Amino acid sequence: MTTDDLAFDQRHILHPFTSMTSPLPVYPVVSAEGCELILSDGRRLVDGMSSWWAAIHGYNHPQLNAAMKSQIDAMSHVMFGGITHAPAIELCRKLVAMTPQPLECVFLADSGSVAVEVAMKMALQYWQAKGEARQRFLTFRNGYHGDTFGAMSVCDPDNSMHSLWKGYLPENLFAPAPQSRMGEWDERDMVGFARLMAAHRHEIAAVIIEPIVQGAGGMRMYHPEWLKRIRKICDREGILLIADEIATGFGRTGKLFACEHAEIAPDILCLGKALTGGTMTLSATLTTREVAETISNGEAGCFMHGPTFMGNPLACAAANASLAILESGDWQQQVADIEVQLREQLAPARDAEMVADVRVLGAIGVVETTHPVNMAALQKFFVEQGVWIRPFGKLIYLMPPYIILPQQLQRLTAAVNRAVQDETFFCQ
């Protein structure tokens, strides 16, 4: 990559949630291997982010690579309308088997946001078929479910800046963010959620939440008793429960799916990110026979959705290989050890002036700061320390690949602790 390549990127290529008028520096990556990213200048960075949850097995994984190349040799893509193929069948077999018993019907899609849209549409079509006027969703404040319009309608109105779209987005119900920490249960935490359910139980199509960990909305970690109760309340009212595990799925919190922390099963489950081992985009929405059949027996005679690249053989083959790595069970002890090391190594941030809170769960470590980070200065600092850590707002957090070496994880935690010692890298 030439300097001119970088200049073109700056003036012509949009990046996630960042200004085109006041763009901040981006770092050119040429390749990646193991748990490291390699910059154009040759510098190697220990990846602390897993490219946002997904790369649970790191980069250039020989098994993932071989499975992808082998599927390319057969066919990278063929349409799924009137056609099926081995990669999709193998993936759906695994997904059905590894999730709770009732979840046995799979709708594959391309991205997390679309998977949520699918889940929401399932809930709406389900009630339409039953002849019930139910079009509201009940969710938690500080939640995040994606950027398409349906998903946006259940995201935190504040974090997701709903004022920008006031009048376009449907108005859903937002219960207070769960207070009880992943800590002791306080029954008073339920008063808000209960109030909403009482006033709106008749019109709620589904409850949608991120189980245990609220990611993009604040990297919050709450008590599993919340899920147990929500499941009981939904059962009681006949309301569908949608669990968005696009971030928590596939071992990240210490259990295969975060719903396990409460031994609960949702009616609808959304999966993405780590599904393919972070090699390429793919998502899945699973639901029950009751939901799937009810929908097909309604007026449309089917579930009204079908993306062009649905069931993409290549992505399915990548996901199959990624799931096969997890089948060994090694991730269990890898995450447990990462959790101990995160707890042990981030503890000192509790003595730092710029820190508001420290919390760890599984292979997730979060240092919340008192002031917003200076994105440009702090990103450069991390790069200079030989690590790739991507902060945002008042959060400096780590979600490393499960295969990360202890000395690599240590470089990450040391960098985090050094960043929070004084006001140098803060505000802007």
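All residue numbers refer to positions in the sequence shown, first residue = 1.
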_Gap size between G183 and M182, counted in deposited residues that the entry leaves unmodelled_ = 1 to 3
*Going by the average Cα B-factor in the PDB entry, point out whether 311-319 or 256-264 comes out higher.*
256-264
*State which stretch shows the higher mean Cα B factor in the entry: 173-181 or 71-79.*
173-181
*asked:* Highest recorded C-alpha temperature factor, please, choosing from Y144, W331, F107, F149.
replied: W331
*Whose C-alpha has the highest temperature factor in the PDB entry: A199, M98, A284, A243?*
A199
*Would the CA B-factor of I325 place it in the lowest, middle or highest third of its chain?*
highest
_Using the temperature factors of the C-alpha atoms in this entry, rank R390 within its chain: lowest, middle or highest third._
lowest
_Within-chain third of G48 by Cα B-factor, per the entry_ = lowest
*Hey, what third does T248 fall into on Cα B-factor, ranked over its chain?*
lowest
*Assigned third (lowest, middle, highest) for the C-alpha B factor of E117*: lowest
